[PDB]
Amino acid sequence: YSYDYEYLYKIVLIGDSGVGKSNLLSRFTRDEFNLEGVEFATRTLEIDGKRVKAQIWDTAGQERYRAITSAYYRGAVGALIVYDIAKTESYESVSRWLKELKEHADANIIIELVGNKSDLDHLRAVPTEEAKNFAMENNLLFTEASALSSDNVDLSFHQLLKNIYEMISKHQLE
């Protein structure tokens, strides 16, 4: 048998404007997607037998013109860095978002690199192997996804929460 309790994880979504952060959230939490306020959404799912309440934060679009404030990252245990596989610029900015996390987020936050818009294969600018190699180099989890076609969307969120739970537990047997 198992006891009746929940884990509270705060996750933040970061990345350049237009990479599909808000559509990743609406696809995972409400299964909706829009071709071009709601501060965060919560979905609860089972991770290795345990119930995990994931509170996933999303921007209001201010990252297009200014830097995200420190309060956005506070309390977050995981983070998704989203880029556009069809936009090189959005992939080059991954280092900037890594700087943002080191500067305002928890020192041991668990990071996952997400390559969104995998449906635009005719416009692919960033090869999967380049970003996958970069993720392992910087000890980030990695997947490509498509909020439009729902490919690997649940995988991007389940992979991070599963790694958070296991990395926490593994850290607990000190």
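Note that residue numbering follows the sequence shown and begins at 1.
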Just how many deposited residues go unmodelled from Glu36 to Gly37: none, 1 to 3, 4 to 9, or 10 or more?
4 to 9
Determine, for stretches 158-166 and 11-19, which one has the higher mean CA B-factor as deposited.
158-166
May I ask you to compare 126-134 and 42-50 by their mean CA B factor in the entry and name the higher one?
42-50
When the entry's CA B-factors for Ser118, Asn139, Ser70, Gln62 are compared, the highest one belongs to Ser70
If you rank every modelled residue in this chain by C-alpha B factor, which third holds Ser26: lowest, middle or highest?
middle
